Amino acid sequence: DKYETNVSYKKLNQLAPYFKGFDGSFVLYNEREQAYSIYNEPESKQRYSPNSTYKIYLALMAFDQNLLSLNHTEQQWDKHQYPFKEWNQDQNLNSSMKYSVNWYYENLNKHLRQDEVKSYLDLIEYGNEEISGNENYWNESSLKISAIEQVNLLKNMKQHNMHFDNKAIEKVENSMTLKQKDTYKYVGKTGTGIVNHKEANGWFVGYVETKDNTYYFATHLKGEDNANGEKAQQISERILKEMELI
């Protein structure tokens, strides 16, 4: 249920107003200073379903297993009518990440042996590593990860500490790039979990890369409703702008 760590951190308790209406957390890791800053340390260690934020690592596993190639990420739509018309069309990695196209990533998972998935989640230390709850174990099911762990995995990915190809990481980074200026690249991914027909679990995770540093972040929202990726991203952008990072 909870990630155990004793790392020191700077308290960010005056970020509380941004989380009106939610039990929330914000985690920041400053790469140059090797330093964490956290709002709501108890929630930062609580593990929650990753929902669409898991697509990052399904993409990487798929490259590593050669289901996807640096120049070959297209998948054909099978004509199932989804309620989101963005999903009702052929996709590549960039479009599937942008439009958070579940079937693209479900197909990837279907062609990964679940024993291989367990091995990957062990190696990258993906939260509770529990994938037995449902075929789509990352969607409001058994697999859960905390906000600090989301930051840790992004930093391990970008710092080339995972056993994934650097060019595959670049492709996944590109697929989640939200803004690129001369002074910074802003990368991130939303997620939303539905419980009792309400938005009860919102994520936004990513990083800002500047010309001299990288700032990794994760925002989590818990609530009875309205806790979704869009709101988690809005709060994140308010915080990051106050930090003068974007």
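For every residue, the number given is its place in the sequence shown, counted from 1.
Higher mean CA temperature factor between 187 to 195 and 61 to 69: 61 to 69, per the PDB entry. Between 160 to 168 and 119 to 127, it is 160 to 168 that carries the larger average Cα temperature factor according to the deposited entry. Sorting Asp78, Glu140, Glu106, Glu149 by the CA temperature factor given in the entry leaves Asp78 at the top. Taking the deposited Cα B-factors for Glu31, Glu209, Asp182, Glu41, the highest one is held by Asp182. In the PDB entry, a CA B factor belonging to the lowest third of its chain's modelled residues is recorded for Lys231. Split the chain's modelled residues into thirds by C-alpha temperature factor. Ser132 is in the highest one.
Among all modelled residues in its chain, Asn94 ranks in the lowest third by Cα B-factor. In the PDB entry, a CA B factor belonging to the middle third of its chain's modelled residues is recorded for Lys155.
Per the deposited record, the Cα B-factor of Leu112 falls in the highest third when ranked against the other modelled residues of its chain.
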